[PDB]
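Residue-level listing of the chains:
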Amino acid sequence: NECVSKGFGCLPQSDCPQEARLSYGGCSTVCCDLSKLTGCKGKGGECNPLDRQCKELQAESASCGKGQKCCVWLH
């Protein structure tokens, strides 16, 4: 099991898209990068202030008030 050790899902080829299909093994069908399927929620995300140049994403941070800038990475 590789996709367990890396921290992804095992969704089928019909459910997840053709691009999210990782090359790792151990699943029942195909591995799917849940970190990169959704957005800020995919790994958990972070609001930081408008003073700090980072990333912008209207999906979640749009009502953060103080620091309406959603940032997320692979880690």
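Residues numbered from 1 in each chain as written, not as in the entry; some residues may be left out. Heavy atoms only, no water.

1. Description of the state of the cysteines
Thought 1: Taken as a whole and judged by the stated rule, the model has 6 disulfides.
Thought 2: The residue that forms a disulfide with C16 is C32, at a sulfur-sulfur distance of 2.0 Å. Here the disulfide of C16 and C32 is left-handed, its torsion about the S-S bond being about -90 degrees. Of this pair, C16 sits in the loop between helix 1 (3-6) and strand 1 (46-48) while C32 sits in the loop between helix 1 and strand 1, and the two are 16 residues apart along the sequence.
Thought 3: Two residues, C40 and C70, share a disulfide whose sulfurs are 2.0 Å apart. (Disulfide = S-S within 2.5 Å. Helix = DSSP H or I, 4+ residues; strand = E, 2+ residues; numbered from the N terminus.)

2. Digging into the pattern of salt bridges
Thought 1: Scanning all chains against the criterion turns up 2 salt bridges.
Thought 2: We note a salt bridge from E2 to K6, for which the minimum N-O separation is 3.7 Å.
Thought 3: A relative accessible area of 40% places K6 in the partly exposed class.
Thought 4: One salt bridge in this structure joins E56 and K69, with 3.0 Å as the shortest N-O distance. Of the two residues, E56 is situated in the loop between strand 1 and strand 2 (69-71) and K69 in strand 2; the sequence distance between them amounts to 13 residues.
Thought 5: Accessibility expressed as a relative area gives 63% for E56, which makes it exposed. (Salt bridge = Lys/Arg side-chain N within 4 Å of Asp/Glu carboxyl O. Buried < 20%, exposed > 50% of the residue type's maximum accessible area, 1.4 Å probe, protein only.)

3. Quick look at the domain arrangement of the chain
Thought 1: Taken domain by domain, the chain holds domain 1 (1-38) and domain 2 (39-75).
Thought 2: Of the roughly 450 Å² buried where domain 1 meets domain 2, counting both sides, 45% is carbon and sulfur surface.
Thought 3: If you sort the residues of domain 1 by the area they bury against domain 2, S35, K36 and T38 come out on top, with a joint share of 87%.
Thought 4: Remark: the boundary between domain 1 and domain 2 carries 0 salt bridges.
Thought 5: Counting every contact that joins domain 1 to domain 2 gives 2 residue pairs in polar contact.
Thought 6: Classifying every residue of the side of domain 1 that touches domain 2 gives 2 nonpolar, 3 polar and 1 charged. (Domains from an automatic or database assignment. Buried area = accessible area lost by both parts, 1.4 Å probe. Polar contact = N/O pair within 3.5 Å; in protein donor to acceptor, adjacent residues only side chain to side chain. Nonpolar A, V, L, I, M, F, W, Y, C, P; charged D, E, K, R; others polar.)

4. What to know about the environment of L22
Thought 1: Among the secondary structure elements, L22 is positioned in the loop between helix 1 and strand 1.
Thought 2: Given a relative accessible area of 23%, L22 falls into the partly exposed group.
Thought 3: When neighbours within four sequence positions are excluded, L22 is seen to be in contact with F8, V30, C31, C32 and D33. (Contact = heavy atoms within 4.5 Å.)

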